[PDB]
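We number each residue from 1, following the sequence as shown. All heavy atoms count here, side chains included; hydrogens, waters and symmetry mates do not.
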Amino acid sequence: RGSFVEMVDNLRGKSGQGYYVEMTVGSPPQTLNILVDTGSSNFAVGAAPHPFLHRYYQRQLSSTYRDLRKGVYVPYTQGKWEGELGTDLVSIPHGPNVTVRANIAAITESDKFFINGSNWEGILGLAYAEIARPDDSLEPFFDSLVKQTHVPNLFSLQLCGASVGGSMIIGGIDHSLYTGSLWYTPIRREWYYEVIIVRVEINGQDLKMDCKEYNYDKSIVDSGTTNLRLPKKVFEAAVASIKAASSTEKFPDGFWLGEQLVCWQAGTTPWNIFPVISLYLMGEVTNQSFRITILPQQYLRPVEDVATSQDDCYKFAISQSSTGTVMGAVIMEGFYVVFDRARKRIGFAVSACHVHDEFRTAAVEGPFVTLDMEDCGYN
Ligand SMILES: C[C@]1(c2cc(NC(=O)c3ccc(C#N)cn3)ccc2F)N=C(N)OC[C@@H]1F
Ligand code: NA
Ligand code: NA
């Protein structure tokens, strides 16, 4: 408990491409890099020679592979994959020292799924069976891990943004990964890691929206999404106060819609004209909340692949949603995030590694008094 040196620094990534962990599947073990995703629930790996893939799972080489004789077809909003279900022995080399028999979807066809130039070739869905494909009887990896071993039913994520890195602590919390105190918000329902946002401030100014709007139709914590996505009506209001707060420069409207980059002369980004964003989350106690605050260092993402520009270019990375609030890598990179499944709660603490400056830092502060927090949840 509290100290897991072998697991610190076990994540890697490139900006724009997510955070992956090394895993092994089958006997003898095949090493694969696997995207860590708290917004889905299937363990799914490339299992054929798609040109974008460095490595893929070769079931024929594994003596402990068992076929389930069932296909799975998984379309997303963007992209899809299709695959064949089975089980096999799975370990995490920089993880707990155990091996478990997990479901694996061997991906045999995909579209707009793998990223060309990325270093990962599957996904580890860490959310709950309720959203597993094809249905909730396909037990997710972390459920198998907890059933089969003595690993405590929790994991924690420290995502360090821009090469990126971080730590996934499986079965525990490592106190060297955060400063000050953890504050917990209840998991409203076990499917996604769904939470409830009770108030939103831009530079300390309240948006003053009916709080149910913040959670329409849910709010989730998702390591497999880069952006902070906000429900359309909330995004319109939040961009409007952000534009106002940042008045002392003017940008094309396109910038705010993520339709254009903005660039500055290297080493001169004026962070200070951009406001901080705070989300108050439902706390553990009736009428009690806490707040997390992120910086423009989190929501202005650097874009390297600008082979038609010389300078320091950024994407505005808060965007409108039709799926509810998504607290993606934009939120998570400020924090050490504890997925405390055993107590159905998610903890946040200021990350010991988040990107900040001399004037402002990401922050997790409480308690605050907030009434009618149960009305904020959408039904
Ligand atoms: C399974 C799914 C998914 C995620 C990804 N995720 C990614 O490419 C990706 C990229 C950058 C960052 C960051 N920072 C996180 N993830 C790719 C394909 C997918 F297919 N997971 C989530 N959470 O959202 C969309 C999709 F459902
Ligand atoms: Na157990
Ligand atoms: Na600490």
Would you say that more than 12 heavy atoms from the other residues, nucleotides or ligands in this model lie under 6.0 Å from the CD of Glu249, or not?
yes
Could you verify whether a donor N or O on one side chain and an acceptor N or O on the other, from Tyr128 and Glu194, lie under 3.5 Å apart?
no
Is it true that, when you exclude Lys344 itself, more than 12 heavy atoms of the residues, nucleotides or ligands shown sit nearer than 6.0 Å to its NZ?
yes
Any side-chain heavy atom of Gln30 sitting closer than 4.5 Å to one from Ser62?
yes
Side chain to side chain, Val234 and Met209, heavy atoms closer than 4.5 Å
yes
Do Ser309 and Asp311 meet the criterion of a side-chain donor-acceptor pair at a distance under 3.5 Å?
no
On a heavy-atom basis, the closest approach of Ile173 and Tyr336 is CA-OH, 3.3 Å
Just verifying a value: how many Å separate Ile242 CD1 and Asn203 CG, rounded to the nearest 0.5 Å?
9.5 Å
For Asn97, look at atom CG and say whether over 12 heavy atoms of other residues, nucleotides or ligands are found less than 6.0 Å away.
no
Output, in order, the C-alpha distance, side-chain angles, deciding distance and verdict of ring pair (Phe, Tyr, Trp, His ring centres under 6.0 Å) for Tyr178 and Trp183.
CA-CA 12 Å; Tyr178 67 97; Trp183 282 86; over 10 Å; no
Path from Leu126 to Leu177 over hydrophobic side-chain contacts below 4.5 Å:
yes
Step-by-step side-chain contact (heavy atoms from CB on, under 4.5 Å) determination, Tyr184 to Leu281:
CA-CA 9 Å; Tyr184 291 94; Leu281 305 172; over 6 Å; no
Contact check, side chains of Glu213 and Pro231, non-hydrogen atoms, under 4.5 Å
no
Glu22 and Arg12 ion-paired at < 4.0 Å
no
Can you tell if the side chain of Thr185 reaches within under 4.5 Å of the side chain of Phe290, non-hydrogen atoms only?
yes
Residues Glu82, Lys80: salt bridge by 4.0 Å N-O rule:
no
Checking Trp264, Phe251, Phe255 against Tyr314 for ring-ring contact (aromatic ring centres under 6.0 Å, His included), the one that qualifies is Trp264
So does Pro75 get a backbone contact from the side chain of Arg133, meaning a donor-acceptor N/O pair under 3.5 Å?
yes
Of all heavy-atom pairs linking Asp357 and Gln297, the shortest is OD2-NE2, 2.7 Å
Is the number of heavy atoms from other residues, nucleotides or ligands within 6.0 Å of CD (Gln205) greater than 12?
no
Using a distance-only test with no angle check, is there a side-chain donor-acceptor pair under 3.5 angstrom linking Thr99 and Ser91?
yes
Check whether any side-chain heavy atom of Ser223 lies under 4.5 Å from a side-chain heavy atom of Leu159, and answer yes or no.
yes
Heavy-atom pair of closest approach, residues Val100 and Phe141:
CG2-CE1, 4.0 Å
Taking the side chain as everything from C-beta on, heavy atoms only, tell me whether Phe339 gets closer than 4.5 Å to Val221.
yes
Shared hydrophobic cluster for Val355 and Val262 (ILVMFWY, side-chain gaps under 4.5 Å):
no
I'd like to know if the side chain of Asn215 reaches the main chain of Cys211, judged simply by a donor and an acceptor atom lying under 3.5 Å from each other, with no hydrogens or angles considered.
yes
Could you tell me if the side chain of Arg66 sits less than 4.5 Å from the side chain of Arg101, heavy atoms only?
yes
Which heavy atom in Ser144 sits nearest to a heavy atom in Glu139, and how many Å separate them?
OG-OE2, 2.7 Å
Not counting sequence neighbours, which residues clear salt bridge (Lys or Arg N to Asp or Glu O under 4.0 Å) with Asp340? List them please.
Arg343, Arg345
Can you find a side-chain donor-acceptor pair between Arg229 and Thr323 that sits under 3.5 Å?
yes
Pair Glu121-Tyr57, side chain to side chain donor-acceptor pair (under 3.5 Å): steps then yes or no
CA-CA 9 Å; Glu121 46 266 350; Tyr57 181 29; over 6 Å; no
Check this for me: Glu304, atom CD, are more than 12 non-hydrogen atoms of other residues, nucleotides or ligands nearer than 6.0 Å?
no
Could you walk me through whether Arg341 and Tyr193 pass the side chain to side chain donor-acceptor pair (under 3.5 Å) test, one step at a time?
CA-CA 9 Å; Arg341 292 161 57 105; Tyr193 285 108; 2.9 Å; yes
When clusters are formed by joining ILVMFWY residues with side-chain heavy atoms under 4.5 Å apart, either directly or through shared neighbours, do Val326 and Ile277 land in the same one?
no
Do the side chains of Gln158 and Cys353 get nearer than 4.5 Å, heavy atoms only?
yes
Does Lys14 use its side chain to pair, donor to acceptor, with the backbone of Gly117 at less than 3.5 Å?
yes
Crowded around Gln265 CD? As in, over 12 foreign heavy atoms under 6.0 Å?
no
Would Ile196 and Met332 show up in the same hydrophobic cluster when neighbours are defined by side-chain heavy atoms closer than 4.5 Å?
no
If we ignore hydrogens and angles and just use 3.5 Å, is the side chain of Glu236 paired with the main-chain N or O of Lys233 as donor and acceptor?
no
Quick one: does any side-chain atom of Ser167 pair with a main-chain N or O of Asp9 as donor and acceptor, under 3.5 Å?
yes
Salt bridge or not for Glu84 and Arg59, using N-O below 4.0 Å?
yes
Which word best sums up how the rings of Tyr216 and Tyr378 line up, parallel for under 30°, tilted for 30 to 60°, or perpendicular for over 60°?
perpendicular
Which other residues end up in the same hydrophobic cluster as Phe113, if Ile, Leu, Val, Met, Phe, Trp and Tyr are linked when side-chain heavy atoms come under 4.5 Å apart?
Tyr20, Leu35, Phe52, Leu53, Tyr56, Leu68, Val72, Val74, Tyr76, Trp81, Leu85, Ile107, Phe114, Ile115, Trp120, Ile123, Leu138
